[PDB]
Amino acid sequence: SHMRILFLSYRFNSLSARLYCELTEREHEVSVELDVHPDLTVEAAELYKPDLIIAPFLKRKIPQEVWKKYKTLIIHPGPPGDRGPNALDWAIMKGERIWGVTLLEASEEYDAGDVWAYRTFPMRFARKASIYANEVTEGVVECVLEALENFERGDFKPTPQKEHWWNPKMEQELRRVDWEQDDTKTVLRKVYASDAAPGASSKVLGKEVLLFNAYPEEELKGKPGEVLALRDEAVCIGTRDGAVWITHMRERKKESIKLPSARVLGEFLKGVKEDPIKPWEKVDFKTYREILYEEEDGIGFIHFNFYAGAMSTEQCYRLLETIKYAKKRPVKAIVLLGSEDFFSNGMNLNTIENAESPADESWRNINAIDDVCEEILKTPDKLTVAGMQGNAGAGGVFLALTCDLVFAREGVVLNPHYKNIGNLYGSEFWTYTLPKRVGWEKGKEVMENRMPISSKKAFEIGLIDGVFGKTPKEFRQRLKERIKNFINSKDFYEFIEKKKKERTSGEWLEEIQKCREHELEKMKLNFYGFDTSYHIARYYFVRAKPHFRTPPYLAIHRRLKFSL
């Protein structure tokens, strides 16, 4: 059973990429056609002639002549019988305690098809994007693998829907945050239901904005809608009964992009006081903590919750400060944990796109990331560990590889390449870390591959040191257990005595410095050379510019020497 499967996807988003990994790593073939026009979707089915069509992420209705000719399965982010385009938004706005995902056949009426598989799960009070990236994606993977088994046996009959309900597209009026009428929990619900799209509309300091990435505040209080403090470019705003932090906003203009709240609001904030909290401080009330540092059992853990996994120049320097602090503590190991949803995705393209000179900000950002990487590498007397709870890509993958040990949760998706951002050369000392892990030949193959790999595949090829745990929490618990065991063994003290010798030698230090210099000269060419392929790719990505065809690297049915 080696099937030829066609994905229909609005964008090749995280769910599409997770399912791509699960299917191709089982030796099925997956071709992708992006959702551009029904005529293109029809042409792609006729060109590729799939065994099976899966639609992980649909915008347009599938043309009748496709799904009447090829078995076509649709992913719906709600339990059986739920119908409509904003299933998750409604489930969060309504406060459902149980939700689910359904794999169902295409049909004439919207979301009416017979059910092939479904999974249910308890709801978290959390951002829509986090539900989609964790509970929904894990459930969808189980549905799809189950349906491939059913499909190959050949006598499967799906289950028609009995009871069902329809929720229309959710309107902004329902999402809009009113600082006077809404208590903190209501603000949270509205932002969570709208994050990472379309955002919850609001007014702040006179500006019509969309709100993203909210956190409750318990100490600071004031008048509803008053800005009470600034902290790492997040703003804290009074609610009816309290206060809420908003880390990111987007103005409601055509050209505008999602940015840290301080950069959107700008001069309007003049006079607000920064309310700093160091990551290593203990607080016993709820508040916004971008970076958290905690010690347990001789291990120092650094959580860094950078929105979208994107690390701006300033977030890099804040992370560096915390690594430096940790390296002065009496810990045996330092563990970089990122956030539950992302380890890191590299440079912050939005803050780069927003800068007066994108090229100068790119140069600032890559040097900031490399300063973090350098500090990690030059840690002679402690174990360094990257714990990837969530996806990673571009410079974020190579940040992890500077750690002595790299572990990832099961189901993490990796993009260890730059082919989506204008073929950047990359830095982060990859010319040192990558061949030490896979060899030069395979390392070059890894960075030429534009398609994603799973953390299981990354472990099998030697790119990372282990993969375990189904959820972020389970992964953190097994990670701590495994590190705790190592640092309490004789093997750890032998290892540190060797590392102390290697990482203080002049030879090793000149080696890593030469790798940084050579990488940065290439990135300098990328950022400033006459070829501006990097800037062009960044513009299309940050601005979400639409596609007018499916590139051949996605569409196998549209490659030059394609036949049969």
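Residue positions are given as counts along the sequence shown, with the first one as 1.
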query	finding
Mean Cα B-factor comparison, 250-258 or 235-243, giving the higher one as deposited	250-258
Mean Cα B-factor comparison, 150-158 or 81-89, giving the higher one as deposited	150-158
Residue with maximal Cα B-factor (values as given in the PDB entry) among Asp370, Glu340, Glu163, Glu135	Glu163
Among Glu294, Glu441, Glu142, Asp404 - the residue whose C-alpha B-factor is largest in the record	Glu441
CA B-factor ranking of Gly411, expressed as a third of its chain	middle
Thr322 CA temperature factor, ranked by third within the chain	lowest
Chain-wide C-alpha B factor ranking for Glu314, given as lowest, middle or highest third	lowest
Third of chain Cα B-factors occupied by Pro168	highest
For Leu174, the third of its chain into which the C-alpha B factor falls	highest
